[PDB]
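Shown below, as structure tokens, is a lone chain in the form deposited in one PDB entry; questions about how it binds or moves come after it.
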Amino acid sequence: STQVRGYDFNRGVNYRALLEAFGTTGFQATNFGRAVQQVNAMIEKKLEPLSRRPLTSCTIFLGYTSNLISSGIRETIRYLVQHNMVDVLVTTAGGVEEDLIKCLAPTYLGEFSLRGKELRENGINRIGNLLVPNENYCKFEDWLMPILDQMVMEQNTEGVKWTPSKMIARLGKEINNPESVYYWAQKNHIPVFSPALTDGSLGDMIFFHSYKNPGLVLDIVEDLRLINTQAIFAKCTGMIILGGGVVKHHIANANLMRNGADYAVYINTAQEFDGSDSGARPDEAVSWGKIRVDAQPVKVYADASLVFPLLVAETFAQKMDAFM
């Protein structure tokens, strides 16, 4: 029986102690504490001694919505991928393309209230309280077109059967920049799944390109086999899912194929009342077999832009020595 107690600033400011105190603070602070414990359990299982990716004792799936790549959480995710701390990525199309675009031009801070008419008149696109100039996408187009030319050529003459994961690996290799999530993912043989890869600017570009160079095919069937087999052949699995939608369901349903994940942490701002998959508590997933009945899953109800860097500080970044 753990008593409720907050951090006492009469101690001064020890940030480690402050973060530790979340566990006994209550409400979502307590859930954050539980999430730290669950992610540390995944890491410790992964470090136990026992696709071209070599198996470890715990396969960790990391999912995140596209806007988190628009955000500075791009840097957090890149760090985990760079150091081979997770095994599978799932993100929607924006989450792919904006990582690449950020190697060409930056995204800027703005405000949620900025009016669309005036932004559009000035060639600026709004993402929440962020701003992306039109020119960023012009640079993306210039960079991407010759790559898409090569991909079509390789498909039609070298027998390459493109899927989203294979395209994402290629784009990461091409961007050739260590600030990029997907550069690191391909270097470290971490596959990235994104079944609706056409839903975004990369889609726009594929679309425009296809009238100059028809023929590109992106198959989603083989990518389903690939993600599901990552779960089926795992010794243990953990799911860390930031946001909802496709990224959440796709990871959770892959884990249904092994009769459920062993560990699970959700950080999202959705709620159950609307019947949404996004908003479903981890315990809904237990009814399906996506999370094992004996698992102790955790959801933090919060914006991941606040919570994820703190979670990484207290988990993966603490075990940096073991990952090298």
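Only residues modelled in both forms are compared. We call the rigid core the largest set of C-alpha positions that still match within 1.5 Å between the two forms. Position 1 is the first residue in the sequence shown; the rest follow in order.
Among other deposited entries of this protein with both flanking residues present, at least a third omit coordinates for residue 114. In the other compared entries of this protein that model both flanking residues, residue 288 lacks coordinates in at least a third of them. Per the record, residue 50 and residue 51 are separated by a gap of 10 or more residues from the deposited sequence that were not modelled. Higher average CA B factor: 5-13, of the stretches 297-305 and 5-13. Mean CA temperature factor is higher for 140-148 when stretches 123-131 and 140-148 are set side by side in the entry.
Set against one another, the Cα B-factors of 201, 76, 229, 71 in the record reach their highest point at 229. The entry lists C-alpha B-factors for 38, 30, 67, 268, and the highest of these is at 38. When the CA B factors of the chain's modelled residues are split into thirds, the value for residue 274 lands in the lowest one.
Among all modelled residues in this chain, the alpha-carbon of residue 112 has a temperature factor (C-alpha) in the lowest third.
Residue-level temperature factors show residue 233 in the highest third of its chain, judged at the C-alpha atom. Looking at the C-alpha B-factors along this chain, the one for residue 160 belongs to the highest third. Compared with the other modelled residues of the chain, the Cα B-factor recorded for residue 100 ranks in the lowest third.
We do not show the form deposited in another entry, though everything after this point is about it.
The only C-alpha among 144, 185, 77, 254 that moves by 2 Å or more between this form and the one not shown, given a superposition on the rigid core, is that of 254. Relative to the superposed core, residue 296 undergoes a C-alpha shift of no less than 2 Å between this form and the one not shown. When the rigid core is held fixed, the Cα atom of residue 203 travels less than 2 angstroms between this form and the one not shown. When two forms of a protein are overlaid on their rigid core, residues whose CA moves 2 Å or more are considered shifted, and residue 133 is not one of them between this form and the one not shown.
In the other form, the separation between the C-alpha atoms of residue 257 and residue 267 grows by 3 Å or more relative to the displayed form.
The pair residue 253 and residue 87 separates in the other form: their C-alpha atoms are at least 3 Å more distant from each other than in the form depicted. In this core-based overlay, residues 245-257, 291-297 form runs of three or more whose Cα positions differ by 2 Å or more between this form and the one not shown.
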